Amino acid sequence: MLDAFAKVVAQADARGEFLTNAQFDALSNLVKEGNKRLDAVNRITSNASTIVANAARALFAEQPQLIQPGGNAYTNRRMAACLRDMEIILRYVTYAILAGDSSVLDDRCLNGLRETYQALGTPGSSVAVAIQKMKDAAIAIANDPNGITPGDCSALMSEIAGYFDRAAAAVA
């Protein structure tokens, strides 16, 4: 996998050249914003269970067919499996936030996922809705102004939304 710095290094290595000033400024900028990234990972991580649960209730209330007998979330073992998936996606998302790159998310988690759900009969569009529900829950939790030193964090939240959106587009 790669993190923000590693990706820039890999892009430069393939051209056999040293980093440019714009790349240095860009990596240095990420470092200066480091604390915010750590706060978002820490906040989303500490609330993981709440984000999944609330998103689950939201999804099923919006799509009652899934919990009807014979639907993909009926029975406790399938529901447990669905709640688990949501947690897996979230976990890998926090991974990409801490790294500042989506490689770990793509390589370990999104790659092939679409096919996996199609083979099981699990509706991908519905997984996307759950992923979108968690994005909004996670973002509101991470960008909450309470108990944190006031400052701009709008760039990070867009980056975080990107990862979730990117996860939803891999299964929609």
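From 1 onward, residues are counted along the sequence shown. Heads up, when I say rigid core I mean the largest set of C-alphas that superpose within 1.5 Å between the two forms.
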property: RMS CA shift, core-fitted in 6 other deposited structures of this protein, bigger for 123-131 or for 22-30; result: 22-30
property: Residue stretch of maximal mean CA temperature factor, 68-76 vs 89-97; result: 68-76
property: Between the two ranges 44-52 and 113-121, the one averaging a larger CA B factor in the entry; result: 113-121
property: Largest Cα B-factor, entry values, listed residues 143, 63, 35, 103; result: 63
property: Ranked against its chain, the third holding the CA B-factor of residue 19; result: highest
property: Entry-reported Cα temperature factor of residue 12, expressed as the chain third it lands in; result: highest
property: Entry-reported Cα temperature factor of residue 139, expressed as the chain third it lands in; result: lowest
property: Residue 159, C-alpha B-factor rank within chain (lowest, middle or highest third); result: lowest
